[PDB]
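In the structure tokens that follow, the same protein chain appears in two forms, which are kept apart as structure 1 and structure 2.
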Structure 1
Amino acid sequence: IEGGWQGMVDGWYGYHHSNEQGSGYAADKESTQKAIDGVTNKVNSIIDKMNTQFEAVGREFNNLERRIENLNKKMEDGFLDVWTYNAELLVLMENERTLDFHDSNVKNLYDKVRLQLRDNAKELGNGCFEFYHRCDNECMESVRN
């Protein structure tokens, strides 16, 4: 596609139809419903996955316990770095998977409509289809349903 449309604010994915009667946007509720559930499932799983990470504890050492004090400091900083890496890296993995998940849904919706009207339509290229037999509002819905 050239880009996304600001027009529709119903859902995330959807159709736009041109027709002898008129024209307007129409969001796919089936696609948007499964998408909203998918992302909300992930954001919660990232919270649960990290919930058994290291919890640091104040310890006190005297001035002839400098070696162990240092060991303690290096140990706590060590884990805090390790989990900060895991946290940061996990977010980049979740983010990347979110954006690819959206681009996956666009193509899957374009292929779903194309498979539904094989010889009865012509794929232009820019993410649109020209009907061979004319298609009123009821047929548009029938393609959407």
Structure 2
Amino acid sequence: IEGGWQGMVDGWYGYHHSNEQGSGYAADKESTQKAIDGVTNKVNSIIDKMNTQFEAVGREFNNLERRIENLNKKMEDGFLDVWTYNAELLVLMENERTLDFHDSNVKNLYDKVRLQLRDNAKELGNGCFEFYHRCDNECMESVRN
């Protein structure tokens, strides 16, 4: 699979069913509905997990308290660096699994149409399969159920 389809507007994952006369796309609502839930749960988890995080406070020190002034500065910068790292890393982790989540679902949908029809159909590649009979728009939608 080289590139994506610009034509597909409805959903994220879908079937491009092309009958003897007609030709058009169709989004898989069974997968796309479950996908919108998966993304909205992971984003809210990142929001809730980072609520306990360091809060810097202004402290003042005189000219002969330079050591503790420096200690204070180092300490507050220290925690801000730690939580910056945690936030950035968690985003990279969530991004990795989000893209793998998409590739997982696309390839699961490939195997769904392939595996369901063992002796009747054989997968040529890129999603598409073979048959011993022609397939009208009525037949095209039959693979879903």
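Along the sequence of structure 1, residues get numbers from 1 upward. Think of the rigid core as the biggest set of C-alphas that the two forms share within 1.5 Å after superposition.
- Here residue 131 exhibits a Cα shift of 2.1 Å between structures 1 and 2, evaluated on the superposed rigid core.
- On core superposition, residue 8 has its C-alpha offset by 1.4 angstrom between structures 1 and 2.
- Look at residue 39: with the core superposed, its C-alpha moves 0.3 Å between structures 1 and 2.
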